[PDB]
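Worksheet: the structure to be examined is printed underneath.
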Amino acid sequence: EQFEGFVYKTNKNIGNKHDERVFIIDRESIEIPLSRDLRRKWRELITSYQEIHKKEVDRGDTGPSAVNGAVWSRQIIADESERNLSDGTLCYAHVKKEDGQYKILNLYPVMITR
RNA sequence: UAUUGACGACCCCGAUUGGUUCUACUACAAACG
């Protein structure tokens, strides 16, 4: 198939990780209102990612001590610009179907998330 | 469908009262037989 879209390149965050993912915008798409609730949740979650390892990042560790062959995930080393959910920022959305509608629970920077 | 694979310390003082109340001129020598 031929597709187009964007690449959600994070980094080699895990030792078994081989691939980045790219968002096949060429096809089906669904738009959902961005509430202020999801905005604060993102900022709080991304603050958590960036603050938790601040000591490890500042002392110059290239990746988390507990996972070998791996480097900081994009959201951790990214700036506070990442912490603000600005126009065209890429995400994973945690979603379910209810009342016949796609409810969105959270926005997450990675597949298996904090 | 649930796998990948182990490492790692943190806290270092925090909150508050920071003046309160009384004495603020008193007798005199000059006035007045």
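We label chains A, B, ... in the order they appear in the structure tokens, count residues from 1 in each chain, and number ligands from 1 in the order shown.
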What residues in chain B lie within 7 Å of chain A, counting only C-alpha atoms (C1' of nucleotides), written as a PDB file with N, CA and C atoms (P, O5', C5', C4', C3', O3' and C1' of nucleotides), in the first residue's frame?
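Writing the result to part-v1.pdb gives the following:
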```
ATOM      1  P     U B   4      10.287 -11.942  27.326  1.00  0.00           P
ATOM      2  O5'   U B   4      10.992 -10.549  27.076  1.00  0.00           O
ATOM      3  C5'   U B   4      11.673 -10.300  25.863  1.00  0.00           C
ATOM      4  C4'   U B   4      12.327  -8.951  25.894  1.00  0.00           C
ATOM      5  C3'   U B   4      13.228  -8.737  27.083  1.00  0.00           C
ATOM      6  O3'   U B   4      14.436  -9.443  26.925  1.00  0.00           O
ATOM      7  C1'   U B   4      11.918  -6.820  26.735  1.00  0.00           C
ATOM      8  P     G B   5      15.185 -10.047  28.198  1.00  0.00           P
ATOM      9  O5'   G B   5      16.584  -9.287  28.191  1.00  0.00           O
ATOM     10  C5'   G B   5      16.742  -7.872  28.303  1.00  0.00           C
ATOM     11  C4'   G B   5      16.674  -7.391  29.727  1.00  0.00           C
ATOM     12  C3'   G B   5      16.824  -8.467  30.805  1.00  0.00           C
ATOM     13  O3'   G B   5      18.140  -8.536  31.374  1.00  0.00           O
ATOM     14  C1'   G B   5      15.322  -6.709  31.437  1.00  0.00           C
ATOM     15  P     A B   6      18.774  -7.438  32.351  1.00  0.00           P
ATOM     16  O5'   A B   6      18.284  -7.974  33.751  1.00  0.00           O
ATOM     17  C5'   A B   6      19.034  -7.795  34.937  1.00  0.00           C
ATOM     18  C4'   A B   6      19.201  -6.360  35.351  1.00  0.00           C
ATOM     19  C3'   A B   6      19.357  -6.236  36.857  1.00  0.00           C
ATOM     20  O3'   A B   6      20.093  -5.075  37.208  1.00  0.00           O
ATOM     21  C1'   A B   6      17.391  -5.153  36.203  1.00  0.00           C
ATOM     22  P     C B   7      21.689  -5.091  37.152  1.00  0.00           P
ATOM     23  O5'   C B   7      22.053  -3.642  36.638  1.00  0.00           O
ATOM     24  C5'   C B   7      22.043  -2.549  37.531  1.00  0.00           C
ATOM     25  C4'   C B   7      20.794  -1.707  37.495  1.00  0.00           C
ATOM     26  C3'   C B   7      20.738  -0.679  38.602  1.00  0.00           C
ATOM     27  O3'   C B   7      21.523   0.450  38.309  1.00  0.00           O
ATOM     28  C1'   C B   7      18.669  -1.769  38.486  1.00  0.00           C
TER      29        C B   7
END
```
Original post:
Among chain A, which residues carry a DSSP assignment of helix (DSSP H, G or I), reported as a ChimeraX atom specification?
Top reply: /A:36-52,54-58,74-77
Suppose we keep N, CA and C atoms; can you now write the selection as a CSV table (one decimal), in the first residue's frame?
```
chain,number,residue,atom,x,y,z
A,36,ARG,N,-9.8,21.0,27.9
A,36,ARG,CA,-8.8,21.4,28.9
A,36,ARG,C,-8.4,20.4,29.8
A,37,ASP,N,-9.3,19.4,30.1
A,37,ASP,CA,-8.9,18.3,31.0
A,37,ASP,C,-7.7,17.5,30.4
A,38,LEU,N,-7.8,17.1,29.1
A,38,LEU,CA,-6.6,16.5,28.5
A,38,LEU,C,-5.4,17.3,28.5
A,39,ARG,N,-5.5,18.6,28.3
A,39,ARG,CA,-4.4,19.5,28.3
A,39,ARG,C,-3.6,19.5,29.7
A,40,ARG,N,-4.3,19.6,30.8
A,40,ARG,CA,-3.7,19.6,32.1
A,40,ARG,C,-3.1,18.2,32.3
A,41,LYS,N,-3.8,17.1,31.9
A,41,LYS,CA,-3.3,15.8,32.1
A,41,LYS,C,-2.0,15.6,31.4
A,42,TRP,N,-1.9,16.0,30.1
A,42,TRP,CA,-0.7,15.9,29.4
A,42,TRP,C,0.5,16.6,30.1
A,43,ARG,N,0.2,17.9,30.5
A,43,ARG,CA,1.3,18.7,31.1
A,43,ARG,C,1.7,18.0,32.4
A,44,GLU,N,0.8,17.5,33.2
A,44,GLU,CA,1.1,16.8,34.4
A,44,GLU,C,1.9,15.5,34.2
A,45,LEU,N,1.5,14.7,33.2
A,45,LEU,CA,2.2,13.5,32.8
A,45,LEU,C,3.6,13.8,32.3
A,46,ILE,N,3.7,14.8,31.4
A,46,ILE,CA,5.0,15.1,30.8
A,46,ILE,C,5.9,15.8,31.8
A,47,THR,N,5.4,16.5,32.7
A,47,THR,CA,6.2,17.0,33.8
A,47,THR,C,6.7,15.8,34.6
A,48,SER,N,5.9,14.8,34.9
A,48,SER,CA,6.4,13.6,35.6
A,48,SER,C,7.5,13.0,34.9
A,49,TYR,N,7.4,12.7,33.6
A,49,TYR,CA,8.5,12.1,32.8
A,49,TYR,C,9.8,12.9,32.9
A,50,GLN,N,9.6,14.2,32.7
A,50,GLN,CA,10.8,15.1,32.6
A,50,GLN,C,11.4,15.3,34.0
A,51,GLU,N,10.6,15.4,35.0
A,51,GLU,CA,11.2,15.7,36.4
A,51,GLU,C,11.8,14.4,37.0
A,52,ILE,N,11.2,13.3,36.8
A,52,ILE,CA,11.6,12.1,37.5
A,52,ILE,C,13.1,11.8,37.3
A,54,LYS,N,15.3,14.0,36.0
A,54,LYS,CA,16.2,15.2,35.8
A,54,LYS,C,17.6,15.0,36.4
A,55,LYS,N,17.7,14.3,37.5
A,55,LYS,CA,19.0,14.1,38.1
A,55,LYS,C,19.9,13.2,37.2
A,56,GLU,N,19.3,12.1,36.6
A,56,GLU,CA,20.0,11.3,35.7
A,56,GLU,C,20.4,12.0,34.4
A,57,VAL,N,19.4,12.8,33.9
A,57,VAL,CA,19.7,13.5,32.7
A,57,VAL,C,20.8,14.5,32.9
A,58,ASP,N,20.7,15.3,33.9
A,58,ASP,CA,21.7,16.4,34.2
A,58,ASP,C,23.1,15.9,34.4
A,74,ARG,N,12.0,10.3,24.0
A,74,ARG,CA,11.9,11.7,23.5
A,74,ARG,C,11.3,12.7,24.5
A,75,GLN,N,10.2,12.3,25.1
A,75,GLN,CA,9.5,13.2,26.0
A,75,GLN,C,10.3,13.5,27.2
A,76,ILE,N,11.3,12.7,27.6
A,76,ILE,CA,12.0,12.9,28.9
A,76,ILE,C,13.0,14.0,28.7
A,77,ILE,N,13.9,13.9,27.6
A,77,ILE,CA,14.9,14.9,27.3
A,77,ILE,C,14.3,16.1,26.5
```
Subject >> Atomic distance atom CA of residue 73 of chain A - atom CA of residue 35 of chain A, expressed in Å with one decimal >> reply: 25.8 Å
Original post:
Nearest to residue 78 of chain A: which of A:21, A:102, A:113, A:10 is it, counting only C-alpha atoms?
Top reply: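 Between A:21, A:102, A:113, A:10, the residue approaching residue 78 of chain A most closely is A:10.
As for atom CA of residue 90 of chain A and atom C1' of residue 2 of chain B, they are spaced 25.6 Å apart.
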Subject >> Residues near segment 105-110 of chain A, cut-off 6 Å, only C-alpha atoms (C1' of nucleotides), skip fewer than 3 positions along chain, as a list in words >> reply: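 Using only C-alpha atoms (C1' of nucleotides), the neighbours found are residues 91, 92, 93, 94, 95 and 113 of chain A.
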